[PDB]
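> model this:
(9 chains, ligands or ions: 56)
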Amino acid sequence: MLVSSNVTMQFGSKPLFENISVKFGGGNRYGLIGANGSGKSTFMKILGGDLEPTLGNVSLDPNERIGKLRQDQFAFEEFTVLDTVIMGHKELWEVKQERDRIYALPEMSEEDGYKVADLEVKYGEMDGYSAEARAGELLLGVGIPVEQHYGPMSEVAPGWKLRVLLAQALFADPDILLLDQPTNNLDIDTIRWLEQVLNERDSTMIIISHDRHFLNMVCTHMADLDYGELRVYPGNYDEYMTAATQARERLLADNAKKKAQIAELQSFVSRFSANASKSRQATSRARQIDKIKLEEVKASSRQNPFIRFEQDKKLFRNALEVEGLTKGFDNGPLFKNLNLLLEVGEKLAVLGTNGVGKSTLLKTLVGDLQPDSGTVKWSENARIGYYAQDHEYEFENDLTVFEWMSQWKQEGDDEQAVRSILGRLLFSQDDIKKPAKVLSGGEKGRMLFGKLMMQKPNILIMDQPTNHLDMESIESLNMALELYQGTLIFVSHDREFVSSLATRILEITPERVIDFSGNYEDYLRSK
Amino acid sequence: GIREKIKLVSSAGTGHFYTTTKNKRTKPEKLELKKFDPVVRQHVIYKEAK
RNA sequence: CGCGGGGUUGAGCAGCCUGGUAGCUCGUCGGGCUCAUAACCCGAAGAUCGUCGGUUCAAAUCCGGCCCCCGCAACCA
RNA sequence: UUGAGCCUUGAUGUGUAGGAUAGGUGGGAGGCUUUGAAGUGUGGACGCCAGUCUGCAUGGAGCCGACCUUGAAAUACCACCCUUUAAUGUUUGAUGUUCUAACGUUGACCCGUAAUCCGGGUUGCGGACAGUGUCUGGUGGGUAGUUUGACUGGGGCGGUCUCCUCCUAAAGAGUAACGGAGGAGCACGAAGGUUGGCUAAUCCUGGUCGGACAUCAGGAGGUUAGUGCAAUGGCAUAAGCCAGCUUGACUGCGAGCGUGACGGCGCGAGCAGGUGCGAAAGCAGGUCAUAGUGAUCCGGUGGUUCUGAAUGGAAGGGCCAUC
RNA sequence: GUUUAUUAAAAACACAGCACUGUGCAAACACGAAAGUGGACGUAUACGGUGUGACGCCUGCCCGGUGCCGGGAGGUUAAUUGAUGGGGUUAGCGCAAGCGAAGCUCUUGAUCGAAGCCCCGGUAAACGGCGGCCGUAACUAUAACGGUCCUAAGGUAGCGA
RNA sequence: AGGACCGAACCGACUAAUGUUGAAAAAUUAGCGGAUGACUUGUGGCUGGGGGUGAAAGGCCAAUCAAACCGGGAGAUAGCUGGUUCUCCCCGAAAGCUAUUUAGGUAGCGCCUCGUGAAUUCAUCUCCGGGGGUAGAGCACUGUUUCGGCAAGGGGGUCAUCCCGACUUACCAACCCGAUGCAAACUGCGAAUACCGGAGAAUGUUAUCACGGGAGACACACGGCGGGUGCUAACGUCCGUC
RNA sequence: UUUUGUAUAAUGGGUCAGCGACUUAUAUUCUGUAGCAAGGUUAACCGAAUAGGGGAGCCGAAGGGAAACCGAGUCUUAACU
RNA sequence: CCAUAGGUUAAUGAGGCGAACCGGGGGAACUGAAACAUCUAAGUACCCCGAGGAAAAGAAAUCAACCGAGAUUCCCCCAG
RNA sequence: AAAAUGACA
Ligand SMILES: Nc1ncnc2c1ncn2[C@@H]1O[C@H](COP(=O)(O)OP(=O)(O)OP(=O)(O)O)[C@@H](O)[C@H]1O
Ligand SMILES: Nc1ncnc2c1ncn2[C@@H]1O[C@H](COP(=O)(O)OP(=O)(O)OP(=O)(O)O)[C@@H](O)[C@H]1O
Ligand SMILES: [Mg+2]
Ligand SMILES: [Mg+2]
Ligand SMILES: [Mg+2]
Ligand SMILES: [Mg+2]
Ligand SMILES: [Mg+2]
Ligand SMILES: [Mg+2]
Ligand SMILES: [Mg+2]
Ligand SMILES: [Mg+2]
Ligand SMILES: [Mg+2]
Ligand SMILES: [Mg+2]
Ligand SMILES: [Mg+2]
Ligand SMILES: [Mg+2]
Ligand SMILES: [Mg+2]
Ligand SMILES: [Mg+2]
Ligand SMILES: [Mg+2]
Ligand SMILES: [Mg+2]
Ligand SMILES: [Mg+2]
Ligand SMILES: [Mg+2]
Ligand SMILES: [Mg+2]
Ligand SMILES: [Mg+2]
Ligand SMILES: [Mg+2]
Ligand SMILES: [Mg+2]
Ligand SMILES: [Mg+2]
Ligand SMILES: [Mg+2]
Ligand SMILES: [Mg+2]
Ligand SMILES: [Mg+2]
Ligand SMILES: [Mg+2]
Ligand SMILES: [Mg+2]
Ligand SMILES: [Mg+2]
Ligand SMILES: [Mg+2]
Ligand SMILES: [Mg+2]
Ligand SMILES: [Mg+2]
Ligand SMILES: [Mg+2]
Ligand SMILES: [Mg+2]
Ligand SMILES: [Mg+2]
Ligand SMILES: [Mg+2]
Ligand SMILES: [Mg+2]
Ligand SMILES: [Mg+2]
Ligand SMILES: [Mg+2]
Ligand SMILES: [Mg+2]
Ligand SMILES: [Mg+2]
Ligand SMILES: [Mg+2]
Ligand SMILES: [Mg+2]
Ligand SMILES: [Mg+2]
Ligand SMILES: [Mg+2]
Ligand SMILES: [Mg+2]
Ligand SMILES: [Mg+2]
Ligand SMILES: [Mg+2]
Ligand SMILES: [Mg+2]
Ligand SMILES: [Mg+2]
Ligand SMILES: [Mg+2]
Ligand SMILES: [Mg+2]
Ligand code: NA
Ligand code: NA
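Residues are numbered from 1 along each chain as shown, chains lettered A, B, ... in the order given. Ligands and ions are numbered 1, 2, ... in the order given. Shown next is the structure:
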């Protein structure tokens, strides 16, 4: 029955959203959208109350429950699946860890005497004695099979990893700050599943995804944060699209009315100024110009990064040579033989529902995971560029934005010709003097597009490129690969990116891996 | 201009602050100087605030 | 030498919009179609962004001076 | 017709693992059943579809419970409530049709009356609409009160209005003009403090790319360089150039002066308390100095019993810091 | 025909004629703090406001701006309603700081909330508007013609020192 | 028949003269337009002051109209003009600075006057201790400038005009050397006066300072000297000093 | 009269006679003089009423501080040479 | 229909004038702020209604302050 | 669907 309040935040130069003043409450789900690298994730991170803003407008509601799914979908490879879901209850988790230091403590103290009783009575009061079982039924209820309940999250497919992480959020909370960009789970089947779960649950939830269609079926209000602040536009998404791109147009027309009215008062002032009979009237509109004050126009953060990949040697005959792969981790092998040939092109969109091993195919196609195969036989002068599905080991050791980008080069100069490439994809002068690990989402992805700019990889992979991009970098990336000369073997989950971009399909289903149907406008047409 | 006003609130618990200016665009991190607190009559640390 | 606006490829124009790619329509040229010329199809050429400086890693773009063009003003008893 | 709240009753609510679609608290293991049963057929409704379920006589009198995998026991039992839900009433909102009884009638007829006013009566038509009162949003030169700067080689236009540097300024200070020339509305957590150390521009010769001009080695020169920012004065004991440690860019005061009609502005040895650098003598109360800035009222934030309109509090003031 | 009695008698005002627009009658509109009157003892072939001004040939393009008319989907929005959160006081709990029921209070303000405006169309005998640069025809000149930029549209018929 | 035609009564007012302390606070004379119509006229009514009426001029509303007349608020306010009345004695200015919705007003100080209280307090001259950067001068610096010598270097042409540049020029020409000038914003030099401080005699009805009562004034003018501006023009204009 | 300045050809006045412009009330400050003097003095009012009662009250003898408060001291400051 | 409205008659009272004072219903602006709009001038000028020799007010749901005073009205202080 | 033109002798 309560609502949230206002905040204001800044991570350095040019503060971000500058005195937001909004309220979220009721049952309506405020779909929060915005360009890459602008508020959004960190705006509602403040809303969760774990970190406080700079200007400190404060937004308090400390009585009810908040459950938050975040963007770091791989932030726990260690905790078992049952532990991650239980940890969604913050009070239960922190109590248990200090309680669990019983069998790990060989000697007990006097003050520990009632302390262990004090923690145990709190455990029973919030009934932690059923948390493992309470989560298990819910965990089974979202589609995770029993046999992987006790397994580690390292050995769970990222598409499945969202189903666990949504179960963590759903812990009887009447609001959820969903950072859910349904990146990995875009099977349409799983997407359609997540649309039913959220729609038929009554909560004052917030959704942040970039999927235009997904926001239609679920969200009722939109909270675009584009120029310097967030404005709430009711309507789904395409009733929004008119107003947001019309209120801008009506401002440019109003702004250009004054700029054309001033320029016509300057006709009188510049003509009848020295005149003795008309001077008192020209100085009546010479001081009327000084009272118009046309309102300033700010630039939208929804810019279009300009990326293009160019070759270095351009092999001519063919790239791939796979005889028989027969790779399986701990169950029935995900593929049997997979005889493959690329023939210098054939952008080879790998497909399939999540959890069938398309990412483990690419990982062993590049030679990281050793298969029981007989080698993959790269070409004579292949320069492989890799964009892994998960990319977090690269962004470590606290290098800066300029530092991280700099080492990747072969002949270009260190000061210029890498600032331009790094700055071409929307990195301002003050944005490159901060650690490269503090970047967020699309900027992490945009770095790996820039990484292949200077590298000039003759052969490309791009495991899952269109994950966190902001619907404009996707249009740029789709255009960048379209005129690309060379070979790339990508696996994408959405339809339009695969359909428009050149393709030679290789779908993976147990057990036969269907190879080739042409345009992917015919692959579905054959069905 | 681009230089705005801050206050260094003491750490000795008492309410005392030296007010200065600091450029935020170049450096967005806090300021830590050991200054004099006349309320307790000692040199203590003054973390930036406001 | 008082005040505004402008100088970009052969012509007419964007791009200056908060600095990271020299672009549109005609035009010239070389092929093709045709008996031949137009129309049309394919391919390429040219610009020191008026000049000279100044912060910039980086300037058509930001600042300063000069040149050239187009307007307007230089009042009433 | 449809939303919202309230009461009453009845229904209502698993996978993991089983004899089973068990909500929570644990009081208890004996209730239940014939104020007609076990099973039988017969129908709703609900139903992560097996079942709960209750109108139904007949059949007529045994079923349940403990145990059993379980994180937990069991419609075996009752109570105190929870979830979702239907029915009554229950108070209210929204809309739609109707109704007369407020109200309107500048429709008709009768009377006061020898009266196209007014009042009363009968009736017809509208009918909770219209209209009026208080409050309120929009529009409102229809109307009213007023404003619309100064210097100025007459007035207007142009220029200017506060601060800093040089000349005019007549070798102390000051000194005007719409006199001649340029700048400011900042910057710096180091570009401040201290200790240690260092000395430039420009030329010649010789030297791979290398070039009138990069970096290097010698010699002449002497500060013609440098100073975050315009100009003047200054600077080798460097105030210019490097590095180590640091916060004195600190709190309360301040003899004595300088400059202003005042408001004010500036310099300052030294005293008290606590720091920094150095072995120590000592230096340090911002920066080589001069521009980088606006009084009072009104209000905002923090601290502090100073006051607190009978008393105890408090609101509100005061003082200190600050916007 | 009328007009500045007392320096202007006119090209000014009026006019018959034309058009737009309002008004269904207790008409619009006007004088009235109101009752009431005029409009009119008239009823859309009537009445009021605005502009043009006999008669003849005619009255071109522009709805972007400002007005007026229509639309109701959506955004913003007053009074009214007072859900929540914070403070003041204190019965009590402690014979420490401190905490704080009920009530009374100060304040914040969830929900309901029309016209208007934003938005979508129309209207110019509604107020108003109606373009540049470059090249080109057998001597010269000029462009019937072409390119391009912009605009809501670029001044047509007629007339022209 | 006609808002028809010519034309007296009647209604008007187009031209000229006179008149202008008039016969008249708009008329007389000679001509002039309408004169059966939207005409003219007698008597009586109605509309009133931000209102009336207006064939529309801001016209008329009692010789008064961009808001009538009378009385009242009322002795509105006037930083603006004018005026300010008997006598003698003593002293005796300013027309400047600063600020100003300020510039012809005012406020504080400077200048005047009256009273009180104080120091060889103050003024002139001689001697002593001082800091200048003006006049003048000078060209080491900042600029500028003319000669003469050397000459970097930038050009001009001659070659296979491919390289090395191999030969040339009637060229210009920076830095230094010698000579010659100029400067408010130049100074390796630098007065006279003025100013500040100290000591000393004489002279001066305290002439000096502080406080307190009362002001006026803040429009200046010409002349000499040093200047800015102007034309080294103005009884021009802005400063310093007399 | 107004001015830097007037015979000024800048204002005013034809002459005479009469009238015509710094006042009154209540407060505050300074000077002179008179009374009393660490004290001075009443107002309204009563009053056979310019006497006499009336000391309500005002000024002064003590200041400092925003204030509580302290007091020939007091404020600032943790404290002042 | 009763009755009311209306009509006539009789008795009583009022009407209008007046200088100031008094209570009530309305209520400006010039002016000052060195302009002006909050404010001031001012509840003043003026208009209207009513009454008396006087008129209004008047007998605490008032003050004070842990001591007390005792309706209303007028004058001097408190006090600029 | 688009399809213009061709000096005398
Ligand atoms: N710790 C930080 N401190 C200061 N500024 C930060 C910090 N972290 C991020 N930023 C800045 O804030 C920006 C916004 O980051 P944020 O996490 O909000 O991403 P986002 O806009 O939600 O992006 P995406 O849509 O890709 O998830 C970053 O690009 C960076 O410039
Ligand atoms: N290290 C591992 N140990 C055990 N099982 C693994 C391991 N890695 C992958 N798997 C399993 O094998 C399959 C391979 O999945 P993988 O992680 O390669 O991604 P994917 O199937 O392509 O999924 P998505 O489309 O969601 O990215 C999955 O079923 C996953 O659970
Ligand atoms: Mg007006
Ligand atoms: Mg007035
Ligand atoms: Mg003036
Ligand atoms: Mg001097
Ligand atoms: Mg001098
Ligand atoms: Mg002077
Ligand atoms: Mg420095
Ligand atoms: Mg040193
Ligand atoms: Mg230093
Ligand atoms: Mg300096
Ligand atoms: Mg009290
Ligand atoms: Mg306070
Ligand atoms: Mg006529
Ligand atoms: Mg006339
Ligand atoms: Mg006339
Ligand atoms: Mg009528
Ligand atoms: Mg006309
Ligand atoms: Mg027209
Ligand atoms: Mg006639
Ligand atoms: Mg007439
Ligand atoms: Mg006549
Ligand atoms: Mg006629
Ligand atoms: Mg006639
Ligand atoms: Mg008459
Ligand atoms: Mg008259
Ligand atoms: Mg008037
Ligand atoms: Mg008056
Ligand atoms: Mg008068
Ligand atoms: Mg006046
Ligand atoms: Mg004398
Ligand atoms: Mg004046
Ligand atoms: Mg000289
Ligand atoms: Mg003056
Ligand atoms: Mg003067
Ligand atoms: Mg003078
Ligand atoms: Mg003169
Ligand atoms: Mg004089
Ligand atoms: Mg004169
Ligand atoms: Mg004379
Ligand atoms: Mg003369
Ligand atoms: Mg004479
Ligand atoms: Mg005279
Ligand atoms: Mg005169
Ligand atoms: Mg005279
Ligand atoms: Mg007299
Ligand atoms: Mg005292
Ligand atoms: Mg009477
Ligand atoms: Mg005034
Ligand atoms: Mg005045
Ligand atoms: Mg009485
Ligand atoms: Mg008592
Ligand atoms: Mg042709
Ligand atoms: Na994010
Ligand atoms: Na994968």
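> export stretch A:28-43 as PDB, just CAs?
Only the C-alpha atoms of stretch A:28-43 are listed here, as PDB (Å, rounded to 0.1, in the frame of the first residue of the first chain):
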ATOM      1  CA  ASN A  28       0.900  -0.800 -12.500                       C
ATOM      2  CA  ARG A  29       4.400  -2.000 -13.700                       C
ATOM      3  CA  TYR A  30       6.600   1.000 -14.600                       C
ATOM      4  CA  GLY A  31       8.700  -0.200 -17.600                       C
ATOM      5  CA  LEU A  32      12.000   1.600 -17.200                       C
ATOM      6  CA  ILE A  33      13.800   2.200 -20.500                       C
ATOM      7  CA  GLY A  34      16.900   4.200 -21.500                       C
ATOM      8  CA  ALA A  35      19.900   4.300 -23.700                       C
ATOM      9  CA  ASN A  36      23.100   2.400 -22.900                       C
ATOM     10  CA  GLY A  37      25.200   3.800 -20.200                       C
ATOM     11  CA  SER A  38      22.700   6.200 -18.700                       C
ATOM     12  CA  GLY A  39      21.000   5.600 -15.300                       C
ATOM     13  CA  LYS A  40      18.500   2.700 -15.400                       C
ATOM     14  CA  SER A  41      20.500  -0.100 -13.700                       C
ATOM     15  CA  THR A  42      22.100   2.300 -11.200                       C
ATOM     16  CA  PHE A  43      18.900   4.400 -10.800                       C
END
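> what residues are up against the residue of the stretch 201-350 of chain A found nearest ligand 2?
Here the residue of the stretch 201-350 of chain A nearest ligand 2 is residue A:329; by Cβ to the nearest ligand atom that distance is 3.9 Å. No exception for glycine: its C-beta is placed from N, CA and C like everyone else's. The contact partners of residue A:329, taken as Cβ atoms under 8 Å, 6 or more residues apart in numbering or on different chains, are A:155, A:360.
> switch to 10 Å and redo it
A:155, A:357, A:360, A:369 (Cβ atoms under 10 Å, 6 or more residues apart in numbering or on different chains).
> sitting in strands, which of these do you find?
When DSSP state E defines the strands, the subset of these inside them is empty.
> ok, and which of the residues you listed reach ligand 55?
Among the contacts of residue A:329, no residue is within reach of ligand 55 (Cβ under 5 Å from the ion).
> thinking again about what came up before, am I right that the residue of the stretch 201-350 of chain A closest to ligand 2 is in a strand?
No - going by DSSP: H, G, I helix; E, B strand; the rest coil, the assignment for residue A:329 is coil, not a strand.
> separation between it and residue A:464?
With the distance defined as Cβ to Cβ, to the nearest Å, residue A:329 ends up 20 Å from residue A:464.
> what's the neighbour count on residue 13?
Using chain A here. If you count neighbours by other Cβ atoms under 10 Å in any protein chain shown, residue A:13 ends up with 17.
> please go with chain B instead
Residue B:13: 10 neighbours (other Cβ under 10 Å).
> need the contact list for it.
B:37, B:39, B:40, B:44.
> repeat that with 6 Å
By Cβ atoms under 6 Å, 6 or more residues apart in numbering or on different chains, the contact list for residue B:13 is empty.
> which helix or strand contains it?
According to DSSP states H and E, residue B:13 maps onto no helix or strand at all.
> let me know the helix or strand that the residue nearest the centre of chain B is in.
The structure's chain B has its C-alpha centroid closest to residue B:8; by Cα atoms, centre = their mean the separation is 1.6 Å. Using DSSP H and E, residue B:8 sits in strand B:3-10.
> burial count for residue A:254?
12.
> no no, residue A:375
The burial count for residue A:375: 11, using other Cβ under 10 Å.
> how about residue A:234?
Residue A:234, neighbours per other Cβ under 10 Å, totals 12.
> contacts only, for it.
residue A:221.
> quick one: it from residue A:205, how far?
Distance from residue A:234 to residue A:205, by Cβ to Cβ: 16 Å.
> now residue A:198
7 Å.
> ok, residue 40 - contacts?
If you meant another chain, say so; for now it's chain A. A:34, A:208.
> try chain B instead
Per Cβ under 6 Å, 6+ apart, neighbours of residue B:40: residue B:12.
> is the strand holding residue B:8 anywhere near RNA strand D?
Yes - judged by Cβ under 7 Å from any atom of the strand, strand B:3-10 comes into contact with RNA strand D at B:3, B:5, B:7.
> in the stretch 401-527 of chain A, what residue is nearest RNA strand E?
Closest contact between the stretch 401-527 of chain A and RNA strand E, by Cβ to the nearest atom of the strand, is at residue A:471 (23.1 Å).
> since we're on residue 9, how many residues are nearby?
No chain in the question, so chain A it is. Around residue A:9 there are 21 residues (other Cβ under 10 Å).
> the chain in question should be chain B.
For residue B:9, using other Cβ under 10 Å, the count is 15.
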